[PDB]
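Hydrogens, waters and symmetry mates are skipped; everything else that's a heavy atom, side chains included, is used. We're numbering straight along the sequence, starting at 1. Both ligands and their constituent atoms are indexed starting at 1 by order of listing.
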Amino acid sequence: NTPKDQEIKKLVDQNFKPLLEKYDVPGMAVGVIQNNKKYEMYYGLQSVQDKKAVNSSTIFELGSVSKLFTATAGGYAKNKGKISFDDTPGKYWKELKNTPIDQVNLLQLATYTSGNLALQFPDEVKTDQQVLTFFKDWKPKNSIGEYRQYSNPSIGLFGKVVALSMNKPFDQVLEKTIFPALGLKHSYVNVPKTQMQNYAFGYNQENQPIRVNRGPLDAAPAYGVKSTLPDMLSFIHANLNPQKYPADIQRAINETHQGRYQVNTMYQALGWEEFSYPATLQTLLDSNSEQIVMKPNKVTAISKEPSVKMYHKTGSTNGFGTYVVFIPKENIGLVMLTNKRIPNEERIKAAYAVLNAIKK
Ligand SMILES: *[B@@]([O])(OP([O])([O])=O)[C]([C][C])[N]S(=O)(=O)[C]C1=[C][C]=[C]C(C([O])=O)=[C]1
């Protein structure tokens, strides 16, 4: 009939390719891994003005999908005995001792339940001293641990503490320890001059070329990672097959898969969002609703510990969109990278359509 690689390509053409015209997206990379076979599909241009095609070397900004690597780094440090998730940040960043934030433990930072951390650092918070001041001036609002409010400073502080516990800067933790352990060869916190020719332009909603100029250094654990489609497929492979990796990074990956609490049908793991599988489309869309992403929500203890589960994460920057999803017992995952934002719901819907139509 039709070879499997062509069937997958046809499904990506049917569900992802129309998004390029619908949202005026210059370039897109979509990868599927099924049963340890990788399928890569590249569309469009990484630079419109250079007429340079998206390809396996194209580097994209991951946005909030960066939090998955921070989560993995925390799991690595935990299982090396360098941190406990019950520790507080003042144990490692001593200037935070005797401050309100030092009542919040590392797990609560990593899963957004400190009770009073907003979505972004304030624009004025740019230097290391302003970040220290920001956290020193933090006072609790809600009871610690009771409410989830998605927050880049929350996981930024987590990543900074993880890096302190390993005695290296966070960029070095990823680029010298975690990325190599996962087998990634073109993933970066700082893209080197030798790779600039492969770093896609991002494109804003007027289709003007832009790129993340970021904020403070301690925001990098929240959204500072750049990667290629092959590298993100390797990362999905690692999450699908942790048993194939050395003990330290295997235990780190498994740590990121552990659900910690629920908000309705979402399980909050470390970095990853987790769902009982099969998941309804609406369950996956609800995880990205304004109510969940933008408002505080009371957390509840896990009741059903799902045996059969799936995980996903969206990420965006001003000029890039990302979506990653994987389903362990179906041995399958998908990554989408674009150099223009498109609505999260469209990313989720298109991936749902593809993954559910691929023949087992
Ligand atoms: B993350 O990407 O978002 P989700 O909703 O998990 O998909 C993150 C959190 C909202 N998005 S962000 O705050 O917009 C990342 C960001 C922050 C500051 C500056 C920039 C940029 O592009 O310059 C991006």
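- The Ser64 neighbourhood of ligand 1 comprises atoms 1 (B), 2 (O), 3 (O), 4 (P), 6 (O), 8 (C), 9 (C), 11 (N), with distances under 4.0 Å to a heavy atom of that residue.
- Residue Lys313 places at least one N or O, backbone or side chain, under 3.5 Å from an N or O of ligand 1.
- Annotation: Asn288 places no N or O atom under 3.5 Å from an N or O atom of ligand 1; distance criterion only.
- The residue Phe320 has no part lying near ligand 1, judged by heavy-atom distances below 4.0 Å.
- A donor-acceptor contact closer than 3.5 angstrom is absent between the side chains of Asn331 and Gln34.
- Listed by chain and residue number, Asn288 satisfy the side-chain hydrogen bond (donor to acceptor under 3.5 Å, both in side chains) test with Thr314 (two or more places apart in sequence, or in another chain).
- When non-hydrogen atoms are compared, ligand 1 lies under 4.0 Å from neither the backbone nor the side chain of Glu61.
- The part of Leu119 lying near ligand 1 is the side chain, judged by heavy-atom distances below 4.0 Å.
- At a cut-off of 3.5 Å, with distance as the only test, no side-chain donor of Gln262 or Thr300 sits close to an acceptor on the other residue.
- For ligand 1, the polar-atom distance check against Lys67 finds no nitrogen or oxygen pair separated by under 3.5 Å.
- Going from atom CG of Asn344 over to atom NZ of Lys349 covers 12.0 Å, rounded to the nearest 0.5 Å.
- The shortest N/O to N/O separation between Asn152 and ligand 1 falls below 3.5 Å.
- For ligand 1, the atoms sitting less than 4.0 Å from at least one non-hydrogen atom of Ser316 are 2 (O), 11 (N), 15 (C), numbered in the order shown with element in parentheses.
- Those atoms of ligand 1 with a heavy atom of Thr314 less than 4.0 angstrom away are 4 (P), 6 (O), 7 (O).
- Listed for the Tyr323 side chain is no donor-acceptor partner under 3.5 Å among the backbone atoms of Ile348.
- You'll find the ring centres of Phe69 and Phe235 inside the 6.0 Å limit.
- Looking only at side-chain heavy atoms (C-beta outward), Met28 and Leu337 stay at 4.5 Å or farther from each other.
- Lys78 NZ to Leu106 CG: the interatomic distance, rounded to the nearest 0.5 Å, is 11.0 Å.
- Contacts with ligand 1 closer than 4.0 Å are made by no heavy atom of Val65, backbone or side chain.
- Remark: distances from the non-hydrogen atoms of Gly315 to ligand 1 include one below 4.0 Å.
- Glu146 and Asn142 form no side-chain donor-acceptor contact under 3.5 Å, judged by distance and modelled atom types alone.
- Within ligand 1, counting atoms from 1 as listed, the ones closer than 4.0 Å to a heavy atom of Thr317 are 22 (O), 24 (C).
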